[PDB]
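Number 4 in UniProt numbering belongs to position 4 of the sequence shown; there are no gaps in the numbering. Each residue gets a CB set at the ideal place from its N, CA and C atoms; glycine is no exception.
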Amino acid sequence: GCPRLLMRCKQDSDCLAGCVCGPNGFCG
């Protein structure tokens, strides 16, 4: 599964397996 919260990203893998780097700053 893919949660959601203010978690800054730089790459897809940044977040938990399922999410992508949300085009804004934080995961999406």
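Exercise for the section: Label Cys19 either buried or exposed according to how many other C-beta atoms from any shown protein chain fall within 10 Å of its C-beta, with 16 as the threshold for buried. Expected result: Within the sequence shown, the letter at position 19 stands for residue 19. Buried is the call here.
Handout entry: Residues near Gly25 in its chain [Cβ-Cβ closer than 7 angstroms; skip 5 each side]
Key = Looking up residue 25 in the sequence shown gives position 25. So the qualifying residues of the chain are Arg8.
Handout entry: Counted within 10 angstroms of its Cβ, other Cβ atoms place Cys2 as buried (16 or more) or exposed
Key = Position 2 of the sequence shown holds residue 2. The residue in question, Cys2, is exposed, as its Cβ has fewer than 16 Cβ neighbours within 10 Å.
Practice task
Could you tell me the distance, in whole angstroms, from the CA atom of residue 36 to the CA atom of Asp12?
Solution key: In the structure displayed, the chain extends from 1 to 28; residue 36 sits before or after that span and is not available.
Exercise for the section: Could you check the C-alpha separation between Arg4 and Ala17 for me, to the nearest Å? Expected result: Counting from one through the sequence shown, the residue named residue 4 turns up at place 4. Counting from one through the sequence shown, the residue named residue 17 turns up at place 17. If you take the alpha carbons of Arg4 and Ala17, they lie about 12 angstroms apart.
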